[PDB]
Amino acid sequence: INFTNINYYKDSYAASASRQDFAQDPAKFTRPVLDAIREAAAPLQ
Amino acid sequence: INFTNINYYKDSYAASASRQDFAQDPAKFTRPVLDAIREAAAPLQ
Amino acid sequence: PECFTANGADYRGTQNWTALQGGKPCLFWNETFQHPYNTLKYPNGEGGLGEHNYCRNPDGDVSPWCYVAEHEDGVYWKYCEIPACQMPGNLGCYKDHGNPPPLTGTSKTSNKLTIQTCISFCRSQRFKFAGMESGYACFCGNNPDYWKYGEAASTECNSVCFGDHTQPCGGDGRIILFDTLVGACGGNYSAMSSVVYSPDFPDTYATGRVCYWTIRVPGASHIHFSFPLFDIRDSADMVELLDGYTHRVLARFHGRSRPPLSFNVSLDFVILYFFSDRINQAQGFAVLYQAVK
Amino acid sequence: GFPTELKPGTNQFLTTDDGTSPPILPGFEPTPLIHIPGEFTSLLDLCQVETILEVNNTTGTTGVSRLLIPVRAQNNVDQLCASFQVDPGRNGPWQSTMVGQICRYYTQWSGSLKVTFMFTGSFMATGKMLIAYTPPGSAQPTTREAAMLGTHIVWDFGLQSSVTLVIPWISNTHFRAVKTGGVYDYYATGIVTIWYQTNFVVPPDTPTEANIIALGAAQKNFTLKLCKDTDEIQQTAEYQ
Amino acid sequence: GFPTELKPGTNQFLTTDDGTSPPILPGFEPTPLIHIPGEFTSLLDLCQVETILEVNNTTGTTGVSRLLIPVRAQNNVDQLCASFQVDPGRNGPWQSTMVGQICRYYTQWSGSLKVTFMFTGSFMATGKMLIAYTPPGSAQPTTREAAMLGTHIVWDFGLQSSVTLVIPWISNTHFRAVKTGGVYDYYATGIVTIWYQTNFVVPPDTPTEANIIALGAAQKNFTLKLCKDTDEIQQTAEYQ
Amino acid sequence: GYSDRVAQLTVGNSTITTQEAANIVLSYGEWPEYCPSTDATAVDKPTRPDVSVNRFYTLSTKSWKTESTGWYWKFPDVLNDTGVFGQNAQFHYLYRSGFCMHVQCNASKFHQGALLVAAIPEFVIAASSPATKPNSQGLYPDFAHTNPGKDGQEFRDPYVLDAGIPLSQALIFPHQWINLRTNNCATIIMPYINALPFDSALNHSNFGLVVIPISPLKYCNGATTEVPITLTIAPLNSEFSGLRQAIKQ
Amino acid sequence: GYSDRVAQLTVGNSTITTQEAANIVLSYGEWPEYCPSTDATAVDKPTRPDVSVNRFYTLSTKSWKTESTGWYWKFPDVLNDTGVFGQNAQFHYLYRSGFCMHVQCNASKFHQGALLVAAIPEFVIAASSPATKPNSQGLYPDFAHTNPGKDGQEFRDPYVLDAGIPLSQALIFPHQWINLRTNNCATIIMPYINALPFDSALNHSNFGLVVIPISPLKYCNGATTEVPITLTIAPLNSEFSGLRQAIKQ
Amino acid sequence: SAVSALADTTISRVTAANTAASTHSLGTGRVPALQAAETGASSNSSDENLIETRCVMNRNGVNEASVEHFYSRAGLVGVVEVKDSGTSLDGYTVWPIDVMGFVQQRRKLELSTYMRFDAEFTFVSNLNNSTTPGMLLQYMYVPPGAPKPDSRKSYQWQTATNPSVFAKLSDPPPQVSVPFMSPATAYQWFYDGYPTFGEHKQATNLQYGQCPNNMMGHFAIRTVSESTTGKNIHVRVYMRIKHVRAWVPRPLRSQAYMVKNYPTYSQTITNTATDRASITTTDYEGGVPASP
Amino acid sequence: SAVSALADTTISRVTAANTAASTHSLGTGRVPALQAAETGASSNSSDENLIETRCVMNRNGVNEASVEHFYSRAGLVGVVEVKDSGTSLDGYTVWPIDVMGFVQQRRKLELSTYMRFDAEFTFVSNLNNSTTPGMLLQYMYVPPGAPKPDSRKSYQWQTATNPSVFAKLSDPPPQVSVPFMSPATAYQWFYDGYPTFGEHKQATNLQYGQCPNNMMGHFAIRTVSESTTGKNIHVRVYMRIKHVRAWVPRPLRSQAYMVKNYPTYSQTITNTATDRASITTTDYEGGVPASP
Ligand SMILES: CCCCCCCCCCCCCCCCCC(=O)O
Ligand SMILES: CCCCCCCCCCCCCCCCCC(=O)O
Ligand SMILES: CCCCCCCCCCCCCC(=O)O
Ligand SMILES: CCCCCCCCCCCCCC(=O)O
Ligand SMILES: *[C@@H]1O[C@H](CO)[C@@H](O)[C@H](O)[C@H]1NC(C)=O
Ligand SMILES: *[C@@H]1O[C@H](CO)[C@@H](O)[C@H](O)[C@H]1NC(C)=O
């Protein structure tokens, strides 16, 4: 029985940390290329 | 989950500030005239 | 008067203390090798540095400083509150508390503000006093009561001017006030002793200044002309002490004509002349006359 | 006893804490609320009311004369009548405005401004003025040719005696800090310069110098943020 | 008064306590959130970006030269080009990597690593390298015959200039402590040695010494645990 | 979608004609109304002498000069000794009423100048004094300045409205300009504003009526020097309760 | 499922042909876009001079030597005095634009070396100074190093990017290598990145454009010594608001 | 149930006016720029009708400029010294309740003519050295007419009907909710009148502007002591105005106040705007022009 | 009702990537090992395609590496000494709010270029001897433009609009929630530009990198006192960054910082990696080989 993530103030920024939206999108840093290269393929053919 | 705006006392004036009724009616100060003047119109015609 | 420059980069005045009362001692320059400024990196003079703990300004900071023993939280230097290092035209550092301002008059915020750009702004409006504040604010006024909020330590006005980071331009709530005669392109001087400066003195004198200062003490016998500062290193730019009634040259000073310690004149009416070429502008001069009745 | 744990912020008195407190008067019913005309519920409604800009804030000018922009018959063409910065919270002409004083109770402002210029010359006085708003980055335009490159209105004097120059919200940031000067010239709003588009022409036996009254206000998209304490009146002792 | 009992931990300030606190600004609406490119929501996404391993962290080697693995034509066969430990948080070549610096903000790491070697010689320079990962328990292999008993890749230089050697997650524990040395060599990851499978063969009038650039990163199964404070920059006085 | 320059204001037996009118300011968008049963507190039946008191009273004519500072009136005080309104204001303890203030200043098309006609609720008049003890007389305005009567009072410091508030922000109040090139009259219809449903017409002045020259009256030699400013006001929805002996002040 | 080595980049009247290309880095997977209505704050209608400003400007050619440290440009500053882009950047207070940075360095199959072409958002240039007072000039970079213009600036300490950050982690930024055995060009398409929808093209430089030799240029006697590095950049989706007098700096 | 009410308790964002896209207008009869300020009305000219605007879906929150948010902030309304040392061995002080003694609260209130509000009064009491030793204080509200205490032992402190707060200095600041206490519908920061009938011909004329509808009694504070404590206690009273209803906005005060209950400015009138050199001089340097 | 929301409030475990079982591959054209690092893309090679892997149903939690968990930790952002003894009898201190004065918080923030966040500021104040006597302090937030106090008695402490916290040293650390206060969409730890137009030809060039969008005013702290207390109070400010939005990740700082608002490293550049004897020397002894 969990009783947390409760805001006691009318201002939304007084709430606790937003710790329920873990999203991992590494492609914008790891594969930031136009031509999607398959793993099994030689990249520069 | 918000838990606020709660009065703990039988007197209604012990409640918190009334911060949920933002109303903006500037016409009583900006256009306090009898003849409503259109924007596109020359006022004194 | 020991300092005749805005930043104190003329002080050789034997003060080995951050403040005359309630301060810290200064570390010797021949012993501060842990730091950039010492006698090893500056062998021969080079900023009044030597074998002494005296406050100096070798780096062109806003005020004479000195290395202190690094103990508190890494503070290894402190500005020196030298009360005799006030520029002869510097009226002091005063507090600015609110809307009745120290100098009631005109204001100007300039991201290029210097001490002279503020004085020149106030002098162009016939204001006696020019007050720099926060490094960018310039205030003018004829108020004889610019001290209405009390004086302040000279170190409290050590914010760099936004146009010249070697000059002090006040601070948060602190205003540094100058007499707008400083750096004027001439003027009448009828007084016993006054330190007449080069045109636009805290800055470098402009190219093309032909200025005439009238120094007539009505009743004096001899005028003791001394030059505590003559950074006039050039050829065409010359400082002449023209006579009065006769308007005849009495002493001409330029680069290779540096003036004696006292070029006294027997005339009670002298005309300090200044010339400036179209190039090679220097820091200027700061003459000091003393009338002997 | 219900188990509780006191957290930081316990026992503190935050002056901006909208919380409950015990009522000193049990069962107190106040005097009934009758209708009073002129209720304002938003300070932005007050900022949209046009108030006189003190454009003639010059040395020597005293009293109501500080509220007048002098306009006279010019001997030369393309001359400058008046200029003023449009930073609402800056020490200057906008201090005399309701928008410029309510701005000072806030740290950041946003939205278009509005200066309505009213010509108070004779009916026989004719003239055209170029009122230009110069967006940031430029100093006050030195010529009318340089000022007409910005947001401007060519005002023709006539039966309608007033012109409105909207200072559009041309800013890089969504809000501008009310504080100006120093590095806060990053939030400079610009400069409004009034130029003689044509001359100020009058017939004989007519006054040759008139006045323009500037009326600054805020547009409908005006917004304030981060309520602070103004720096307009200072106090050294409790008023007794 | 509702009965409550204060428990231990009352009045304490835990620096990692996700709790509420009163807002200083009632009714504050911040500047709108516009889209900014390049938002990262996970530090593991940063650890998967390949960054240059400082494999030439040797005395005398200065600057960008510390990022190059020198490869030259060998007079003998089966020689060692370079070696480095694959402990991400150990003082060594992995310090220069984003994974090796984000690892130091955590106590325990897990998952496969990845070193992409890029050959930066002439197009005419050909060669085959044996890049071997030696799992823990063994020192650096003294011969290529001993290194080829571990996880290795025979890299052939060619049109594709880069090879990837995955350091597989070969561990007894689910996590390895980022701290190394002493009894914490229990969490040793292993040693990666680069051997000359064949020689570095070049035609005449061609440079005989080239460089391999190692690019270390983390695989998709990489995971960090127990956020701590890194030991990379020290401070003796508040930055003024 | 425009304001007609001609206007006729007929209240009681009084009628005001203007041919150069800007508009009619309805103060705060609220017409004068009689006190509702919900807002009333006094139990006596009020007297509503409709046409005998609700009518235009031309009260004062002030000569606008080049160096004139301005004038202010206090609305109940300016009518407390005039007509049947004054009698009801003296015989009755309680009073409430709106008004239709009509300021008139006509000048030739060769004159120039601009008046600021504003109706200031609760126009507390300030005194301009040096730093003095609270015993000092100069710290507080005399009764001639607080209640100027029908003659009005010449502003001492119109820049601060003789109230410490900047004149430039007096436009927050129901106002109208008399710009001599544009209009010769300013009409302001003000409803009864008070924290009380009724109040004493003698003690309390609900509104101030300021007429301040912002742009000074300038003209050339040969133009008519005397340029008057006339204040015609008309009570609207005047009620009076609490009948007793007539009290002057 | 591979990247073709041939590529043609046609923007405006400019076209760039490459026959040895690795790929095209789309910075953070986001193409340059015009400012949406939701993210905009300035009310003036922006100018979008599509083909006159969005085009490839070949700006600088730097001779790669064996001991070369590298070069960096600041994207708005490098185009602020060039073409119709520069004019719009000077006449308008506000500006936003992506770019298509194309670095070109071709060498024979007997040359070797590797450049790191990275586009660094908010590339604040550091100064390398001894321990000195905040008064010291060496603590802060001069304007020639912060805004190098179109000529760029030779790196002083490419190992720390002249920013105190390790060059080895500069690959966290949108980057591409010019490995002379593999490719002769590096293309980076960078969208407008800023905490603001628009910003001054003169004051603020949104991105740094670093070209650092990681593997030094080595060749044998007889090979062409002069191996140039050319920077061709193209604005993409350039908007300009706040028209005024043209401001240089 | 009523869980729907607790859900809609956070402040919702009301945004500013959006700007519509506008094009060029070349014609006659349509003059949105020409106004008539004589009409007393502010200009209805919009940005779209004076320049070519874009579509700006404005998301700036206007909610903070409300009268509630502008006023619901605890400011200093009173400093009451409970002198119990030296020549003043009283141990008690009866303080006239007035919120116009300090400039910051006074200037905000005088923005409006009438204000009807409840208040949250907070008492931040301490010694001269800022220390708060456990010392029992009694803050008794003495409404108009209730007998004021004349000593620290007098019978009025029995507070059988008067509201009273007992709190040590060591306790967190005592905080109470005060209702709208006034015979009028609203408080009146400006009362153009006199409280009593008469001639008002005094040389001082102290009664002008004094509305007893605002005079809400006294705050009697004492140390709950049997003799002199030798310590002076400084009670700082902070009023947070809640449930605000403001009427008739006024110009914000420009002259420095001189007294508490009277508008009274110096003969040296301070200009609302600071002086500059000329009407054509602005101190904004901008950048270097491309071609002067 | 909303009891479903309170049920799903505990942090759910997001696991790492599972490893699939892989077999041997003997063929042509399939080269998952060969990459092209020139393309600027990290290698897409998986462990399954380079070695024979097993099926590992990975249950390692990746949830702690989030930007929220990495940043939502109160670190020291400011040490403010309220000097009231010796030569500095001020009793107050106005502290420029800057979070870049201490290395641990600064290096974590500079991982990102832009950060938009709310903060939980905590004030841990005490004397030099670590003791916390009951001493009333006032922590007033002075936003940019609000008048800064010039004494312990000045009018600015009336805090009619400024946020202010009154708390004794004996109280638990004052803790408040600060919103995202910035004219920009996000804070900017790196601003490649100048705040003002101009020539920027000064010998010092102090304005490079100084974005006023980050300058969020001052924290004015005073002892609520009438004279000197003779005691210096050390206020340590701890910022917990919550509701974090980070953009444009950057290399973590490798050189030691020298100043607060400028990237400035020594001429003695420290290598990111520690030096070893040779490129072929690793200091891992391992075990005794079976047959050397
Ligand atoms: C137990 C202690 C309780 C405190 C009681 C406080 C009562 C305060 C009265 C309400 C304040 C607002 C009205 C002030 C009006 C006076 C100003 C004036 O017109 O001079
Ligand atoms: C009552 C006391 C309240 C405390 C108010 C604290 C306000 C803090 C501001 C938010 C901190 C983040 C922004 C810091 C950015 C400055 C760093 C820099 O760029 O130099
Ligand atoms: C005060 C009562 C609060 C009730 C909050 C909801 C808790 C639900 C209990 C089940 C916990 C959720 C996970 C699960 O389904 O096992
Ligand atoms: C103790 C339980 C109190 C529950 C209060 C109601 C909260 C409802 C949760 C949803 C928040 C409202 C805004 C929304 O619909 O997203
Ligand atoms: C300062 O120098 C003088 C030189 O005579 C010496 O007597 C004095 O002791 C010095 N003081 C300090 C603090 O070094
Ligand atoms: C520095 O000079 C002073 C004065 O002669 C001398 O007393 C002192 O010993 C010197 N110190 C060093 C380190 O040379």
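Cut-off values and rules
- Residues numbered from 1 in each chain as written, not as in the entry; some residues may be left out.
- Chains lettered and ligands numbered in written order.
- Part of a larger assembly, values for the part shown.
- Heavy atoms only, no water.
- Residues with missing side-chain atoms left out of burial classes, pairs and counts.
- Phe/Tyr/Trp six-rings, centres within 6.5 Å; stacked < 30°, edge-to-face > 60°.
- Buried < 20%, exposed > 50% of the residue type's maximum accessible area, 1.4 Å probe, protein only.
- Helix = DSSP H or I, 4+ residues; strand = E, 2+ residues; numbered from the N terminus.
- Near = heavy atom within 4 Å.
- Polar contact = N/O pair within 3.5 Å; in protein donor to acceptor, adjacent residues only side chain to side chain.
- Areas by Shrake-Rupley, 256 points an atom, 1.4 Å probe, with all protein chains shown as cover.
- Nonpolar A, V, L, I, M, F, W, Y, C, P; charged D, E, K, R; others polar.
- Core = buried A, V, L, I, M, F, W, Y, C linked by side-chain atoms within 4.5 Å.
- Contact = heavy atoms within 4.5 Å.
- Disulfide = S-S within 2.5 Å.

This entry, as listed in the PDB, derives from cryo-EM and reports a resolution of 2.55 Å.

1. Description of the packing of aromatic side chains
Using the criterion set out here, one finds 94 aromatic pairs over all chains in the structure. A centroid spacing of 4.5 Å and a plane angle of 75° characterise the contact between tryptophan 155 of chain E and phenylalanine 157 of chain E, whose relative ring orientation is edge-to-face. Of the residues examined, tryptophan 155 of chain E reaches a relative accessible area of 0% and is grouped as buried. On the basis of an interplanar angle of 45° and a centroid distance of 4.9 Å, the ring pair of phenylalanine 117 of chain H and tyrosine 187 of chain H is categorised as tilted. Here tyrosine 187 of chain H lies in strand β10 (residues 187–188) and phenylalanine 117 of chain H lies in strand β6 (residues 112–126), a separation of 70 residues in the sequence. Looking at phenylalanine 117 of chain H, the relative accessible area reads 5%, which means it is buried. Residue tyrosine 187 of chain H is classed as buried on the basis of its relative accessible area of 7%.

2. Brief notes about the site of ligand 5
Residue and element names in this part refer to chain C. Taken together, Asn16, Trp17, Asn53 and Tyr54 make up the full set of residues near ligand 5. A distance of 2.4 Å separates an oxygen atom of ligand 5 from a polar side-chain atom of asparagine 16. Contact between ligand 5 and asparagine 53: an oxygen atom at 2.5 Å from a side-chain N or O atom of the residue. Burial of ligand 5 by the protein amounts to 42% of the accessible area it has alone, namely 370 Å². When the residues that make up the shell around ligand 5 are grouped by side-chain class, the tally is 2 nonpolar, 2 polar and no charged.

3. Some words on the nonpolar core
One finds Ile69, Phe117 and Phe222 of chain D, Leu161, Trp177 and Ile214 of chain F together with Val235 of chain H to be the most contacted residues of the largest nonpolar core, which totals 193 residues. Filtering out sequence-adjacent residues up to four positions away, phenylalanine 222 of chain D remains in contact with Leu44, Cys47, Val99, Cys103, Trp109, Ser110, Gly111, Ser112 and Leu113 of chain D together with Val62 of chain H. Of all hydrophobic cores here, the second largest spans 188 residues; its members include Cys47 of chain E together with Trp95, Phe190 and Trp247 of chain I.

4. Focus: the state of the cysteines
Scanning the model with the defined rule gives 7 disulfides over all chains in all. One disulfide bridge connects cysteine 55 of chain C with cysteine 80 of chain C, the sulfur atoms lying 2.0 Å from each other. Torsion about the S-S bond of the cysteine 55 of chain C and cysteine 80 of chain C cystine: about -80°, corresponding to left-handed handedness. Of this pair, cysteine 55 of chain C sits in the segment before β1 (65–67) while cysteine 80 of chain C sits in the loop between β2 (77–79) and β3 (90–95), and the two are 25 residues apart along the sequence. This pair shows no difference in class: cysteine 55 of chain C is buried, exactly as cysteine 80 of chain C is. The disulfide partner of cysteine 161 of chain C is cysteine 169 of chain C, and the gap between their sulfur atoms is 2.0 Å. Taking the torsion about the sulfur-sulfur bond, which here is approximately 95°, the covalent link between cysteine 161 of chain C and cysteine 169 of chain C counts as right-handed. In this structure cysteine 185 of chain C is a free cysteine whose sulfur lies 4.3 Å from that of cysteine 211 of chain C, the closest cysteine sulfur available. In this structure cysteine 105 of chain F is not part of a disulfide, and its nearest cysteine sulfur, from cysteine 185 of chain F, lies 11 Å away.

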